[PDB]
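Novice: Chain order of the listed sequences is A, B and B'. A prime marks a further copy of an entry chain.
Under the deposited numbering, residues 1007 to 1409, 1412 to 1557 are what the first sequence spells out, in order.
Under the deposited numbering, residues 1008 to 1409, 1412 to 1557 are what the second sequence spells out, in order.
Under the deposited numbering, residues 1008 to 1409, 1412 to 1557 are what the third sequence spells out, in order.
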Amino acid sequence: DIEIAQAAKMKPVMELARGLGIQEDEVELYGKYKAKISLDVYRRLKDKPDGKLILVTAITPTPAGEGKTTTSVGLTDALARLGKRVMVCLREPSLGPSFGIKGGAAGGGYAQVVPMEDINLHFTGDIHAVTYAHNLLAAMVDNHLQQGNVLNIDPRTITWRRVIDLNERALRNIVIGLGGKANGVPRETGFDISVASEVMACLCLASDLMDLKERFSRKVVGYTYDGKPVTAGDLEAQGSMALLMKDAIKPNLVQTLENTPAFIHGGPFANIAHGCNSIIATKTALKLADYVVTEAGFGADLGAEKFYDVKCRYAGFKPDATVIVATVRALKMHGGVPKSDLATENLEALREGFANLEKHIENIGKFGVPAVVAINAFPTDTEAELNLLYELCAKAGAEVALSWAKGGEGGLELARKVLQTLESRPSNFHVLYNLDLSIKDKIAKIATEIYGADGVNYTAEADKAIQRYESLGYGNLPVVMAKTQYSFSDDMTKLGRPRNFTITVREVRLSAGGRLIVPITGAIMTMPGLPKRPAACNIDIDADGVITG
Amino acid sequence: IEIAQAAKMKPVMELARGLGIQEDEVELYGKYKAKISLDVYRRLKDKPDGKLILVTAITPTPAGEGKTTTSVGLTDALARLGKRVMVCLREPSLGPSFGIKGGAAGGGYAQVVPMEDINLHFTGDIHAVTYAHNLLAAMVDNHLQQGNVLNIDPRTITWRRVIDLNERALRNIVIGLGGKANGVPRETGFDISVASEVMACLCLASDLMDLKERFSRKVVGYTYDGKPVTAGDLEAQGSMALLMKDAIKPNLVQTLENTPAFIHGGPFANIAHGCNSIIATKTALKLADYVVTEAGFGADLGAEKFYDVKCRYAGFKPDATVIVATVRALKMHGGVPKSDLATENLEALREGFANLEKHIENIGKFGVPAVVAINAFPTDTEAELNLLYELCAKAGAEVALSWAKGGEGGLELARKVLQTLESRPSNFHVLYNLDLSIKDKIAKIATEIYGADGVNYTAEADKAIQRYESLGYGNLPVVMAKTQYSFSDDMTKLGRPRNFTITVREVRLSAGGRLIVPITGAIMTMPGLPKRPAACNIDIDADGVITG
Amino acid sequence: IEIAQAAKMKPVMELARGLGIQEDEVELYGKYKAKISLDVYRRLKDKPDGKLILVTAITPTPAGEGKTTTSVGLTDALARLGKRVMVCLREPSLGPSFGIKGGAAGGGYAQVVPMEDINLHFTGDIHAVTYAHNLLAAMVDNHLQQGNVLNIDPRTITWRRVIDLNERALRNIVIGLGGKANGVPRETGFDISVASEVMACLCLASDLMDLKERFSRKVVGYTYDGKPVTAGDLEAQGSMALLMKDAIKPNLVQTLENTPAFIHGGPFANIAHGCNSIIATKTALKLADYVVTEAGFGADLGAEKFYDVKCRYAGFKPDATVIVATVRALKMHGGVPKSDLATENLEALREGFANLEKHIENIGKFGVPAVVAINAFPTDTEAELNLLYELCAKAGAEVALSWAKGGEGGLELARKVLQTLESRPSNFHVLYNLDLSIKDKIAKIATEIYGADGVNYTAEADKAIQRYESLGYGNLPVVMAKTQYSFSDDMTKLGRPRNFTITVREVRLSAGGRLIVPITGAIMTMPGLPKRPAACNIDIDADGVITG
């Protein structure tokens, strides 16, 4: 009953891989409870049909929390108890947070994927592969300048920054190549958290290694003194980068507290990227299982949208259903109630905050997939409140979840409601926008139809970038909005369902290993810092076990 | 090609068994690489250790040492003689792979495997070091940002950062730019990961709780009052320890002749001692009759620090010591041009021998028996070898073809080591004492070993040493950070230079270990990529790698 | 060529005499340039001042204003009518000379001299500012180096450095590198010298003791607690004052028509008020019946700050105000292309007139009489002029050829100014009050003058203003740092834009004066050299200069 104190009985992953149809020679162990699986499992099982794909997302996140991954693990466990063949595909957490604000569980309570400690730490070294693949390219960029700059790159135009998996403000802005002609070419850069690396996004969206290698070659690192693009491909570094990702390309098999098979592979930001786990895990899971549960970072206005418009578009997936998690509290915060009085009953605030959930329902509906609401049960909630929220959910199926404090058992209702909609409401999935539209038409389609905004404004900088990109041939790519996750708008104070507002993009970046990144506010916290009181200052490993993780 | 030497390995779990390791004391990383719990040792704490065979070599030359190969090729041969032996080598840096290419983990049929893994991520040992080092750094910079409670002077901070790639651009940099929200501007830099004091501590730690405490002693800088502020004062030893939880365990792999091969650690040899970890060798000791391990650079640096630092702390007492050398090698010390190592020249071979001979004596100075080894090379003529044979008139000597014959080309030398390890009982002792003065320690290492008539200390060195000894780090060991291509600090003085001197220009302190006194610019703690990098050539087929 | 206009000057000492200045109140810098003691004023403190003729102009355009010329050409004409008048202009930055060439200190036969000196070192006024600014900076950095007794946060320091050259490279830099002995690393930069708050203070100071105290109020940054640390807290006002001992005195020179010409000061017009010093004009006042002075940019910026800042502090009460404008100028505001200002177009001339007319009204808003001026240009046809003549249906209007006729082409306009200065008695008042809110001040300047329906303040602006007013600098004047090519912040909106808004993005504080609220990127406080600089062409013969 704290989540870490819940280290208990796991079954060898080989056992799990065998009972899933994976041959022993496609399993590479990392201890008895972790394994990477060959992309051969999908290569030979590709002509078989896919199981059902269930995306779990949530309402606009608030400081009161909602418990998104907890529901994903619990739902999966519930489908398992109900006898369904099922797996969960989740993202690998960044190492950094483990030392700043303490590492959390892959879920919570009795709804989590273990081994916990390993997953919050080095796990199987995937992030390390990204870190070095990404940094090798930076070093090849700087060595190429040092070597005479044949490609004639303007160092001052280099956008490929460096990366590292810890929270360090100090590396945000820095100057490299100092010391004299023997120590490189002086320039300004900095570091981003590793999981923010475009490399981490390439992994999450690649078909396999060769695809991963090609996407790498397409990565722009800077421009010539003429404005012409310069790619890693131009520096002949994709092969080497691919080599570093040799093993990281394989999804990792772990399990739930109740032994339900699970894939954890990849884990990118959800503002500067799509916030989804890899495609190679999900598609492998769709073959090995009849039901696959996966999730997406931030609320449905970002994660769900990008899961649909980016991950599924590339992979060919066609979501069968989507579950949206909400709590009475988080909802009452969208209704005006302060974090301090969230325990006190307030049907009016609950009814007004519902407006937020109501908007996500409708939105999910614009993609052709039926939605199901998952109420993450909380002690202080009252019957009057839950009951109000249940009937308000007049549009889709609603079921309460007690997966946190009851494991799969607390999610049987939700499981049965999902199965119920999977049988009578087949989906008709379709992305939100055609790729042939203008970059601004995509931005507007998303801002208009999903956020509920009136329109979009652009700064001079944003306009120049959109034109340079479009004439440079990157205007037909998908669009990944980098905005605040705490509101449908770009103003994190406007909770609930803000109306009559405008979205403003001030800068537009490019990830040639995917698409366009237009950010609004300071969504550029690409490198979180450490608190005055670093969880690390308390961390200590006993003569045997750990403590304070 | 050496890589082509990808042929038949064996499930390490088996070896772990055919050694006496409980299954519950093994964690796999595939079926051909695995770690071993520190429980193996603690329980077999009283069991009788085996013998120790510290392989070493002459003074390196652009001709070919043979240090590493001969270390495995000997293990093959030894165990090929129905003996219980392992190999405790060092894990190579990841960087060289994409710059000048990755090499064999030995040589010919004496290379430990799997090769590729070893030259890349392996079991992620280096990454672990990389993050324990960088988190400390992040804690240092975030501390300033909070209010500098410890009143640190950013400008004095010695704790750099780390990455395991060859990047010159990161040698000198300016961090903390941006404003009151992005930290405090200061000058730092990056060093290759395997140069980390964290790698050192790892390679010189008993058990986590040990490695931890060592971390807590590391100095990251000073306050404005000249007062040292350690990692311990930052409360970072715990977290640093946790990141190492796995890396602390040694990695069990094997030879091409399925001989148990232990690969754990990989520090620098100049700024450090260039030895594989202790927890590893002290383990192989329990699990084997004989343990064949090596050290970086020539015996004048590695062996010396191996005896004075590793064996000192660990409690080891080396029973033997093999020193490698080729014909071409010594010849260069005889003035033989690199493009002139093809032709015969017994006169030079004899002159250069002084190199080989000089080491022979230093070895003997550690009350540890000694034995010569000769990497058989195609050009070396009968005449040459014949001469060199008798030249070693002072201690055991055997030729070795462990390169193109595997454990076979090693039988000869193999018998000699046993023969002498059975008849030549050592009384191992440290070449100097831990209470002597830093200078007197440097001296004893300089005179008796390097052969310097004396030592010089610049104004900088003096101020530092006085600070240190006045701070408390005076009773510590000494790691000579100097050129390796010469007994002296002059990399041009080949052979056995005489009537020379040694000048210590700088002096760095390593709380988690000892004292580093550098001579010349041995500060190349971050090598750089060439104009024709291997990264530009490395590729990975829809199946396998081709160019690494 | 205008430079060729090097012909007959007169020993300023004489002029100083033919004005009533005691010889002991003049310090020469050759026989054609000299300073005047601040004693002239203090003694003639009660003597009756003369009249004030603040020349100004429309909204600048890439066609040709005529601001400066018409200011001297008028003085010639005025004094050419047996009147006691001087000219109080501004000293130009040294930088433009080596980048885009140095220009006339007026125009045609209305340029003050000696030209060369004026565009170079002159009497070293700027150098003096340059060093009082930089010494403060050095005192700030040396303070940190000592122990930061005032607990300053280097990262907050707003006090930049200064140089009087166009150097982009110095806009953003990192200083204090090197170690505990070379200062504290921080991010600063350089601004052109004439952008210095020191230049401002100079151009807005009564007497040394005044200028001094002002210096002591300047804010160089804040402590870690957000507490302001001024130059006064650094005890730098004294030294800063001494470096200015000479620069405080105004410089007496002359026109081509030997009319007394005062050139002292030269601040920025956007980040500052663009007016020659006060101590100067308040001097020429005593020593003359009429004083002809000007202000930078169009009347929407210069005149406004001239009235609200200069006249406010000094106590002046402008009796007149001339606003210049050419035919081609207004036409561009009518949409007339630059390469299309050759042909006639009365329809555009009429439309663009809105520009001219809009100013006319703002002028009148300061209870100060107004009068139009037209720089006669070769292409302007009779038709065009004829139209523009009557278009000014609201206040006095006269054509001027002070360019190619000297004080002659100015007679016409000259009479009109007297005619109206004699019949049109002003009741000069500030357009706003010193107790209003910063926003309400910005507003009143934005509405009544700029013509903005309102003003917007970003998150940054708001936080700043609140800080300031919460710090005590709320009852201060406001200097609109915005584009000058448009009444609005949009440099493309020519003419008299309507139904627009103004958005203050940033807000800088100038303790030694007022508050600067910038709109667009008017932060070009350090212009840069072109690819074809005049420096590459300037030369000096074994006799004279050729290319400057």
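From the three backbone atoms N, C-alpha and C, an ideal C-beta is built for every residue, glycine too.
(1) Rounded to whole angstroms, what's the CA-CA distance from residue 1371 of chain A to residue 1377 of chain A? Just pull it up for me.
(2) For chain B, check one thing: does any of its Cβ atoms lie closer than 8 Å to the Cβ of residue 1194 of chain B'?
(3) Looking only at its chain, what residues have a beta carbon closer than 8 Å to the beta carbon of residue 1394 of chain B', apart from the 5 residues adjacent to it on each side?
(4) Can you tell me which of the three DSSP states residue 1268 of chain B' falls into?
(5) Against chain B, with Cβ distances strictly below 8 Å, would residue 1157 of chain B' count as a contact?
(6) For a test of the three-state rule: what should DSSP assign to residue 1244 of chain A, helix, strand or coil?
(7) Starting from residue 1041 of chain B and walking both ways along the beta strand (DSSP E), at which residues does that stretch end?
(8) Our contact map puts residue 1274 of chain B' next to residue 1201 of chain B' with C-beta atoms below 8 Å; I'd like the distance itself, whole angstroms only.
(9) Which residues of chain B have a Cβ atom closer than 7 Å to the Cβ of residue 1363 of chain B', listed in chain order?
(10) Going along the region 1098–1111 of chain B in order, which residues come within less than 8 Å of chain A, judged by CB to CB distance?
(11) Which chain B residues are close to residue 1246 of chain A, counting only those with a beta carbon under 7 Å from its beta carbon?
(12) For residue 1332 of chain B', does the count of other Cβ atoms within 10 angstroms reach 16, so buried, or fall short, so exposed?
(13) Could you name the residues that DSSP lists as bridge partners for residue 1210 of chain B'?
(14) Judging by CA-CA distance, which residue of A:1318, A:1305 and A:1038 is the nearest neighbour of residue 1437 of chain A?
(15) Go through its chain and collect everything with a Cβ distance to residue 1554 of chain A's Cβ below 7 Å, but skip five positions before and after it.
(16) Any contact between the region 1450–1464 of chain B and the region 1497–1516 of chain B? By contact I mean 3 or more CB pairs, one from each, below 8 Å.
(17) Can you tell which of A:1084, A:1242 and A:1269 has its C-alpha closest to the C-alpha of residue 1255 of chain A?
(18) I'd like to check one pair, residue 1104 of chain B' with residue 1199 of chain B': are the Cβ atoms closer than 8 Å?
(19) Decide if the region 1439–1458 of chain B is in contact with the region 1483–1492 of chain B; the criterion is three or more beta carbon pairs, one per stretch, under 8 Å apart.
(20) Considering residue 1138 of chain B', what are the terminal residues of the alpha helix (DSSP H) in which it resides?
(21) If you measure from the beta carbon of residue 1163 of chain B to each beta carbon in chain B', is any gap under 8 Å?
(22) Can you tell me where the beta strand (DSSP E) holding residue 1237 of chain B' begins and where it ends?
(23) Could you give the first and the last residue of the continuous beta strand (DSSP E) run that contains residue 1035 of chain B'?
(24) Can you tell which of B:1385, B:1373 and B:1369 has its C-alpha closest to the C-alpha of residue 1349 of chain B?
(25) Measuring only between beta-carbons, confirm whether residue 1243 of chain A sits less than 8 Å from chain B.
(26) Does any CB atom of chain B fall closer than 8 Å to the CB of residue 1138 of chain A?
(27) The alpha helix (DSSP H) with residue 1426 of chain B' in it runs from where to where?
(28) Please report whether the beta-carbon of residue 1170 of chain B lies at a distance below 8 Å from any beta-carbon of chain A.
(29) Cutting at 7 Å between CB atoms, please list the residues of its own chain near residue 1248 of chain B', excluding the five before and the five after it.
(30) When the Cα atoms are used, what is the spatial distance from residue 1045 of chain B to residue 1286 of chain B?
(31) Suppose the cutoff is 7 Å on Cβ atoms and the five residues either side in sequence are ignored; what does the same chain contact list for residue 1289 of chain A look like?
(32) Would a check of beta-carbon distances place residue 1187 of chain B closer than 8 Å to chain C?
(33) Kindly list, in the order they appear in chain B', the residues whose Cβ is closer than 8 Å to that of residue 1184 of chain B.
(34) List the residues of chain A that residue 1348 of chain B touches, going by C-beta distances under 8 Å, in chain order.
(35) Measure the alpha-carbon distance for residue 1207 of chain A versus residue 1300 of chain B and round it to whole angstroms.
(36) Can you tell which of B:1305, B:1524, B:1428 and B:1138 has its C-alpha closest to the C-alpha of residue 1246 of chain B?
Specialist: The relevant details are as follows:
(1) Stepping through the first sequence from its first residue, residue 1371 of chain A is reached at position 365. Stepping through the first sequence from its first residue, residue 1377 of chain A is reached at position 371. Approximately 7 Å, taken between the alpha carbons.
(2) Counting from one through the third sequence, the residue named residue 1194 of chain B' turns up at place 187. True, the Cβ-Cβ gap to chain B drops below 8 Å.
(3) Along the third sequence, one-based indexing puts residue 1394 of chain B' at 387. Hits under 8 Å: 1353, 1356 and 1357.
(4) For this step, residue 1268 of chain B' is matched to residue 261 along the third sequence. Strand, per DSSP.
(5) The residue you call residue 1157 of chain B' lines up with position 150 of the third sequence. Not one chain B Cβ lies under 8 Å of residue 1157 of chain B'.
(6) Counting from one through the first sequence, the residue named residue 1244 of chain A turns up at place 238. Helix, per DSSP.
(7) Against the second sequence, residue 1041 of chain B aligns to sequence position 34. Taken as a continuous stretch (DSSP letters only), the beta strand (DSSP E) holding residue 1041 of chain B covers 1041–1043.
(8) Here residue 1274 of chain B' corresponds to residue number 267 of the third sequence, with the count starting at 1. Here residue 1201 of chain B' corresponds to residue number 194 of the third sequence, with the count starting at 1. Going by Cβ atoms, the distance from residue 1274 of chain B' to residue 1201 of chain B' rounds to 6 Å, so yes, they are a contact pair.
(9) Translated into the one-based positions of the third sequence, residue 1363 of chain B' becomes position 356. By Cβ distance, chain B contributes nothing, its closest Cβ being about 45 Å from residue 1363 of chain B', past 7 Å.
(10) 1101 and 1105
(11) If you number the first sequence from 1, residue 1246 of chain A lands on position 240. Residues of chain B passing the Cβ test: 1105, 1544 and 1547.
(12) Residue mapping note: residue 1332 of chain B' aligns to position 325 of the third sequence, counting from 1. Buried.
(13) Position 203 of the third sequence, counted from the start, is the residue given in the question as residue 1210 of chain B'. In the DSSP output, where bridge partners are listed per residue, residue 1210 of chain B' has none listed.
(14) By 1-based counting over the first sequence, the position of residue 1437 of chain A is 429. If we check each option's Cα against that of residue 1437 of chain A, A:1318 comes out closest.
(15) Position 546 of the first sequence, counted from the start, is the residue given in the question as residue 1554 of chain A. So the list reads 1123, once near-sequence residues are dropped.
(16) yes
(17) The residue you call residue 1255 of chain A lines up with position 249 of the first sequence. Considering only alpha carbons, the answer is A:1269.
(18) Counting from one through the third sequence, the residue named residue 1199 of chain B' turns up at place 192. Counting from one through the third sequence, the residue named residue 1104 of chain B' turns up at place 97. Taking 8 Å as the Cβ cut-off, residue 1199 of chain B' and residue 1104 of chain B' do not qualify as a contacting pair.
(19) yes
(20) Position 131 of the third sequence, counted from the first residue, corresponds to residue 1138 of chain B'. 1132–1153 is the extent of the alpha helix (DSSP H) around residue 1138 of chain B'.
(21) Counting from 1 along the second sequence, the entry for residue 1163 of chain B is found at position 156. Yes, residue 1163 of chain B counts as interfacial toward chain B'.
(22) Counting from one through the third sequence, the residue named residue 1237 of chain B' turns up at place 230. Taken as a continuous stretch (DSSP letters only), the beta strand (DSSP E) holding residue 1237 of chain B' covers 1235–1237.
(23) Along the third sequence, one-based indexing puts residue 1035 of chain B' at 28. From DSSP, the beta strand (DSSP E) with residue 1035 of chain B' extends over 1033–1035.
(24) By one-based count along the second sequence, residue 1349 of chain B stands at place 342. Per the Cα distances, B:1385.
(25) Reading the first sequence from its first residue, position 237 is the one you call residue 1243 of chain A. It does; some Cβ of chain B falls within 8 Å.
(26) Here residue 1138 of chain A corresponds to residue number 132 of the first sequence, with the count starting at 1. Answer yes: the Cβ-Cβ gap between residue 1138 of chain A and chain B drops below 8 Å somewhere.
(27) Start at 1 with the first residue of the third sequence, and residue 1426 of chain B' comes out as number 417. Run containing residue 1426 of chain B': 1420–1432, per the alpha helix (DSSP H) assignment.
(28) Position 163 of the second sequence holds residue 1170 of chain B. Taking Cβ atoms only, chain A reaches closer than 8 Å to residue 1170 of chain B, which makes this a yes.
(29) Counting from one through the third sequence, the residue named residue 1248 of chain B' turns up at place 241. Contacts found: 1215, 1218, 1219 and 1222.
(30) What you label residue 1045 of chain B is simply residue 38 of the second sequence in a count that begins at 1. What you label residue 1286 of chain B is simply residue 279 of the second sequence in a count that begins at 1. Answer to the nearest angstrom: the Cα atoms are 8 Å apart.
(31) Here residue 1289 of chain A refers to the residue found at position 283 when the first sequence is read from its first residue. The residues are 1048 and 1321.
(32) No chain C appears in the structure shown, which is made up of the protein chains A, B and B'.
(33) The residue you call residue 1184 of chain B lines up with position 177 of the second sequence. Simply 1181 and 1194.
(34) For this step, residue 1348 of chain B is matched to residue 341 along the second sequence. Near residue 1348 of chain B there are no residues of chain A at all, since even the closest Cβ is about 30 Å away, more than 8 Å.
(35) Numbered from 1 along the first sequence, position 201 holds the residue referred to as residue 1207 of chain A. Numbered from 1 along the second sequence, position 293 holds the residue referred to as residue 1300 of chain B. When rounded, the distance between both Cα atoms is 43 Å.
(36) Taking the first residue of the second sequence as 1, we reach residue 1246 of chain B at position 239. If we check each option's Cα against that of residue 1246 of chain B, B:1138 comes out closest.
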